[PDB]
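Residue numbers (the authors' numbering), protein chains in the order written: chain BBB, 490 to 548; chain AAA, 490 to 548. Where a beta carbon is used, it is the ideal one built from N, C-alpha and C, also for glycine.
There are 2 protein chains.
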Amino acid sequence: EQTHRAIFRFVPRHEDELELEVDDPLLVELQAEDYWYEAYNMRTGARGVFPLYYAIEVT
Amino acid sequence: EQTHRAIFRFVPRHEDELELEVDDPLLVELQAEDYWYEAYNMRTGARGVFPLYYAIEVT
Numbered sequence: 490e491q492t493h494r495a496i497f498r499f500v501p502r503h504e505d506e507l508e509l510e511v512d513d514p515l516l517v518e519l520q521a522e523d524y525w526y527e528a529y530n531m532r533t534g535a536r537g538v539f540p541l542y543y544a545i546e547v548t
Numbered sequence: 490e491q492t493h494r495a496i497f498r499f500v501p502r503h504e505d506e507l508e509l510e511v512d513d514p515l516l517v518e519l520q521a522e523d524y525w526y527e528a529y530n531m532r533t534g535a536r537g538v539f540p541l542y543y544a545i546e547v548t
């Protein structure tokens with residue numbers, strides 16, 4: 490189920506990054522490593538990393 | 490003359506990235522490209538890109 494939500498537009502520049510649109514639903518299985526999250530984007534079905542401060546926890 | 494200030498810690502994972510600490514003063518000369526800024530970090534003297542929402546504009 491959805492763990493996080495994207496809060497800022499993120500356009501990948503690098504080959505391991507996950508594209509985000511504001512309010513995109515995210516599934517984060519693991520703890521952040523060195524201020525990056527690894528996520529499955531539930532709108533786009535893509536997987537990848539994004540910066541720690543671009544998503545919040547959902548309740 | 491400083492144009493922006495970092496408000497969140499940004500730990501590079503990629504070779505072209507700029508390391509930010511909270512409060513670093515930044516010189517942004519160029520237009521953002523796909524919501525990344527290119528900057529000179531006035532604390533460290535380092536250059537590179539970081540995601541646009543990690544900094545505020547200073548007047």
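Judged by pairs of C-beta atoms under 8 Å, the region 497-513 of chain AAA touches the region 524-532 of chain BBB, as three or more such pairs exist. At the C-beta level, BBB/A495 and BBB/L515 come within 8 Å of one another. Contact annotation for AAA/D523 against chain BBB: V500 and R502 [CB-CB distance below 7 Å, chain order].
Taking the Cα of BBB/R532 as reference, the smallest distance to any Cα among BBB/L509, BBB/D505 and BBB/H503 is reached at BBB/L509.
Within 9 Å of the CB of BBB/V538, the CB atoms of chain AAA belong to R502, in sequence order along the chain. Between the alpha carbons of AAA/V511 and BBB/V511 lies a gap of roughly 23 Å. Exclusion of the five residues before and after BBB/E506 leaves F499, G537, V538 and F539 as the residues of its chain whose Cβ lies within less than 8 Å of its Cβ. Shown here, AAA/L519 sits in coil according to DSSP, grouped into three states, outside any helix or strand. For AAA/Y543, the three-state secondary structure derived from DSSP is helix. Around BBB/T492, the same chain offers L516 and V517 as residues with beta carbons nearer than 6 Å, after the five sequence neighbours per side are excluded. Here the alpha carbon of BBB/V547 sits roughly 33 Å from the alpha carbon of AAA/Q520.
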